[PDB]
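Given next, in structure tokens, is a single chain: the form deposited in one PDB entry.
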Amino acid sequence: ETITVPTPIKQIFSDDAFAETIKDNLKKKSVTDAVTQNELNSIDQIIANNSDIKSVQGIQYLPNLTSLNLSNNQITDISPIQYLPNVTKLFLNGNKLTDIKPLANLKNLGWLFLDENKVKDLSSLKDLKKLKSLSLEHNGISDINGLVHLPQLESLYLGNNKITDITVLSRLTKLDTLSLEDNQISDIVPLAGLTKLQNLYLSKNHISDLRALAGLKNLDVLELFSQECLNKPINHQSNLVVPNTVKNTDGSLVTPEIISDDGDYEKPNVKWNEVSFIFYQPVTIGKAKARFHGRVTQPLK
């Protein structure tokens, strides 16, 4: 798309706030000032954080735009971005996005930041062969199966979601930085062969078994605290015996730190409507030191 006659900024960029962004970027005096396509072609970078932007309609007239920061606005639709082929950096944190199908077209996208939106389907990212860094925290996401075809990603932040199944991650063999903190993950076996991983954030999941991590020799940063592990319910009895299922990287059992209701440990079992125990174990994997810590809860029926 091109404009062929000088046109007031507000007629092209229909959201007042975005119109103000373009006016400021071109150093104009008013959103009623006329712009030409030549002036719009001069826009290589937009910095428009914190601007109450509700729509980026009109942005399709910025062919040379390579970096676009729309953090912390109120945007609901990013379709006008889809035909901007030179965009390589896209900051969309803190908006109201649900659909990211229009990003499928951004073949040169390199960095994409989408935290604090409501994007729940990621299959739209499969086209993106130059995507190196993706952040999708706090989106309410459960299904990450669309991340199959970004096998060249280097950094992926998926913390603070509703993820249980990380099967697809075994294909993301270029990852050096991965966050899955504050999800619902118990099975970390899909990580076991991802030997390039350097930085791995796994706190606040449901992880009780570290065997999956035993071969990750390039780890430098590792976080493993505040797990919450929920056993399947068992019948209440006067004398309760529950196998300890908490395991170190070498498969040895982690001795409980504290056991509820004055219970005690007789290895491999913890003995006493619910009981629980807490564990805390410093671990080292490669150069990475972490504290493996959490609680196992046993409901009783």
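Numbering starts at 1 and runs along the sequence shown.
Counting the deposited residues that fall between residue 272 and residue 273 and carry no coordinates gives a value of 4 to 9. Averaged over Cα atoms, the B-factor as recorded in the entry is higher for 122-130 than for the other of 198-206 and 122-130.
For the pair 223-231 and 86-94, the record assigns the higher mean C-alpha temperature factor to 223-231. In the deposited coordinates, the residue among 64, 67, 249, 50 with the greatest CA B-factor is 249. When the C-alpha B-factors of 32, 237, 36, 57 are read from the PDB record, the largest value belongs to 237. Compared with the other modelled residues of the chain, the Cα B-factor recorded for residue 277 ranks in the highest third. Per the deposited record, the Cα B-factor of residue 285 falls in the highest third when ranked against the other modelled residues of its chain. Residue 162 sits in the middle third of its chain by CA B factor, as recorded in the PDB entry.
In the deposited entry, the Cα temperature factor of residue 170 places it in the middle third of its chain's modelled residues.
Ranked by Cα temperature factor within the chain, residue 105 sits in the highest third according to the deposited record.
The next section is about a form of this same protein that is not shown, the form deposited in another entry.
Here residue 140 and residue 194 end up in one rigid part once the change between this form and the one not shown is broken into two.
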